[PDB]
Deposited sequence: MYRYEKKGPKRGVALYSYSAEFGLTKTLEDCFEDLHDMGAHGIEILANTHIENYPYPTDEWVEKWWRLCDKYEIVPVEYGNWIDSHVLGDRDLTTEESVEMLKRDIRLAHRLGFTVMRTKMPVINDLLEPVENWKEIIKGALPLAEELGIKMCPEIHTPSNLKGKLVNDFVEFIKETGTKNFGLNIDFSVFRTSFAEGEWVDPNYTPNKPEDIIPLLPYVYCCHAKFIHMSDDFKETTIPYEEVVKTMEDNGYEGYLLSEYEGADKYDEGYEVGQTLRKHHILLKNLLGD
């Protein structure tokens, strides 16, 4: 069934200040959360060209703490320059570099963040050519590239359906979706309309990873703003066996004296109550 882990973005206010990479690995090991999600532009040293010594250290860390590298978070920075947009070839070269790096660190899923052109979060007009230029390498290396479905997007809206039509047209097994649980938030944007858990059912074949986003955990180890119970039961009743990765985005992350590890421990107590 669904496994669990942590997205190191939850340690964004701690990483490099009070937490090293090994401290984050040991923190994950404390909760029994063995799926890890890293951001390529944050957690890889000398990125985008890490040394062999750093890669061996990464593998030692993964072995020491029983960490499973699940999701490699990267960006397709087509708007990286200000004077122009990157050609398709440049974006494909950057994406292939990130694919080779993700595979070299043991990751199986890649959370590719595409650049948007509208405020409906529509991807660049050539996102299909970039993805199709990168798909042979991702297939040879066994990597699944997955754009994130985040608020305010809807599991029924046009963005999800464009991605799903692309998947059906190419017949690809290395391109899917990463569902952020914010699309289920029901306790507080004009374009946002809460999805019901069942709305994730026709997408589960293409869902390869999920961001177990939470907003506030109570001292009774309950999430207060998202129907976590119904969502997780829907996923585990319909044959989802990817990971749920805890991702905390609360502003109080940057408050003086905040312990994000305790919030993730509460969230994973909840996820243990739900998954078993």
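Numbered from the first deposited residue, the unresolved ranges run 1-7, 196-201, 290.
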